[PDB]
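See below for the structure under consideration.
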Protein chains: 2
Amino acid sequence: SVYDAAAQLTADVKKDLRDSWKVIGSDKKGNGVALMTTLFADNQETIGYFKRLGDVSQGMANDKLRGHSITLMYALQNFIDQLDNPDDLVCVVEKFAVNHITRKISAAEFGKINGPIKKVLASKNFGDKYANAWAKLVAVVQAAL
Amino acid sequence: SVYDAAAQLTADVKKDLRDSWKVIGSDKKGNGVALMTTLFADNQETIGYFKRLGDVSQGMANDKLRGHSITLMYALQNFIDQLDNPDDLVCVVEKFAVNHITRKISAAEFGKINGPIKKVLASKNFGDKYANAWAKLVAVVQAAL
Ligand code: HEM
Ligand code: HEM
Ligand SMILES: ClCc1ccccc1
Ligand SMILES: ClCc1ccccc1
């Protein structure tokens with residue numbers, strides 16, 4: 001279950017998540033747009049899903065993409081803040097899962113975000129250990145998809 | 001005009017928003033659910049829109065309502081963090097406006113949240129001064145609906 005995937009996030013994993021988020025989450029606009037542009041660059045097949053955002057190749061200049069990207073970072077802020085209470089983490093994860101289920105995003109497709117996360121983490125010198133930690137948090141969402 | 005509405009957030013208004021948010025934003029789960037339960041209690045005609053959440057009279061005990069309420073508080077956190085840059089504030093406000101336009105929520109009905117906000121603020125010893133400041137931020141969203 002989602003609870004099982006969440007309840008498994010250990011003290012060490014939570015530490016790495018919080019330490020990396022302190023840095024990446026400090027610039028939500030910059031890193032949020034970077035995450036999305038990287039997703040579109042490495043997984044061009046996902047571009048069609050974001051038709052509401054217009055021309056995503058516009059990057060930062062695209063107000064709709066910017067608004068979406070900043071908001072996405074607060075979804076992650078939400079997750080990070082709920083780490084010590086699995087019950088709260090689960091209910092917020094399920095809420096966001098619905099937002100993606102309605103768009104027909106499968107657990108496998110959601111996992112495509114791991115590549116971009118790893119790259120942005122590397123841009124701030126956070127290695128594989130950190131990418132693995134984030135993959136575990138992403139896996140909690142996947143349990144709900 | 002969302003841009004003219006954003007221009008109404010003067011130095012004094014921004015300060016009041018930040019000062020009150022420091023207190024109420026410190027307990028997103030508690031105050032978020034309080035805001036929702038108050039909305040449903042004083043404006044029963046809006047409950048129909050929240051069909052997905054199930055039995056909202058259960059309050060904190062309802063997992064979907066709790067997840068929704070916590071997330072709503074991060075939408076407000078987002079707005080507060082964008083106060084320095086009107087261009088970014090506008091793009092995130094328009095993003096959330098779409099979430100409500102799709103639910104058939106008009107500017108007039110969105111405005112029904114002002115009552116609950118004033119009541120919750122009052123219970124924390126924040127008077128009309130603060131309620132009016134928040135009404136100005138809510139007005140920015142209304143301009144986009
Ligand atoms: C860290 C992972 C991710 C997070 C935290 C996240 C967060 C969000 C948020 C907060 C929204 C707005 C929901 C709404 O207002 O309805 C959104 C929308 C969306 N997401 Fe994600 N997302 C993630 C990964 C993905 C991935 C990998 C895909 C696709 C392969 C995806 C596809 C979508 C689509 C299509 C939308 C709708 C965009 C629109 O039309 O506004 N998401 N996401
Ligand atoms: C401070 C004011 C408000 C804020 C910041 C706010 C924020 C939000 C957020 C973040 C969501 C989730 C969006 C999504 O995932 O699609 C949401 C959903 C929703 N909001 Fe609001 N909202 C506010 C006031 C209102 C009011 C006054 C109404 C109705 C009179 C309203 C009706 C809805 C409805 C029907 C949903 C969909 C719930 C669901 O089915 O999951 N909102 N709101
Ligand atoms: Cl700190 C992990 C991360 C989150 C969002 C974007 C890029 C990296
Ligand atoms: Cl600080 C303005 C506020 C936000 C949420 C609930 C009550 C008041």
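Computation of the quantities below employed the complete heavy-atom set of this structure, encompassing side-chain atoms and omitting hydrogens, waters and symmetry-equivalent molecules. Ligands are counted one by one from 1 in listed order, and the atoms in each one are counted from 1 as well. Here is how names work: the chains are called A, B, and so on, in the same order as the sequence lines, proteins then strands, and each is numbered from 1.
- For atom 35 (C) of ligand 1, the closest heavy atom belonging to the protein is A:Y49 O, 3.5 Å.
- Looking only at protein heavy atoms, the nearest one to atom 2 (C) of ligand 1 is A:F110 CZ, 3.4 Å.
- In terms of heavy-atom proximity, A:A144 sits nearest to A:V93 at CB-CG1, 4.4 Å.
- Remark: B:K112 engages B:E45 in a salt bridge, criterion side-chain N to carboxylate O under 4.0 Å.
- With a 4.0 Å cut-off on non-hydrogen atoms, A:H100 touches ligand 1 through its side chain and not its backbone.
- When hydrogens are left out, the protein atom nearest atom 2 (C) of ligand 3 is A:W134 CE2, 3.3 Å; that is the closest non-hydrogen contact.
- Counting protein heavy atoms only, atom 4 (C) of ligand 4 is closest to B:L76 CD1, 3.7 Å.
- In this structure, A:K95 and B:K64 have side chains that are not in contact, with every pair of non-hydrogen atoms separated by 4.5 Å or more.
- Atoms of ligand 4 found under 4.0 Å from any heavy atom of B:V120, numbered from 1 in the order shown, are 7 (C).
- Only the side chain of A:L76 comes within 4.0 Å of ligand 1, judged by heavy-atom distances.
- Ion pairing of B:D81 with A:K28 is absent here, as no side-chain N (NZ or NE/NH1/NH2) approaches a carboxylate O to less than 4.0 Å.
- In this structure, A:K112 does not count as a contact residue of ligand 1, since none of its heavy atoms falls inside 4.0 Å of the ligand.
- Residue contact check for ligand 4: B:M73 places a non-hydrogen atom closer than 4.0 Å to it.
- The closest protein non-hydrogen atom to atom 3 (C) of ligand 4 is B:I24 CG2, 3.9 Å.
- Taking 4.0 Å as the cut-off, B:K95 counts as a neighbour of ligand 1 on heavy-atom distance.
- Classification of A:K14 and A:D84 as a salt-bridged pair holds, one side-chain N sitting under 4.0 Å from a carboxylate O.
- When side chains are defined from C-beta on, B:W134 counts as touching B:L76, because their heavy atoms get closer than 4.5 Å.
- The protein heavy atom nearest to atom 34 (C) of ligand 1 is A:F50 CE2, 3.7 Å.
- Residues B:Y74 and A:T71 fail the side-chain proximity criterion, which asks for heavy atoms closer than 4.5 Å.
- Closest to atom 30 (C) of ligand 1, if we only count protein heavy atoms, is A:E109 O, 3.6 Å.
- Heavy atoms of A:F96 come nearer than 4.0 angstrom to ligand 1 in at least one pair.
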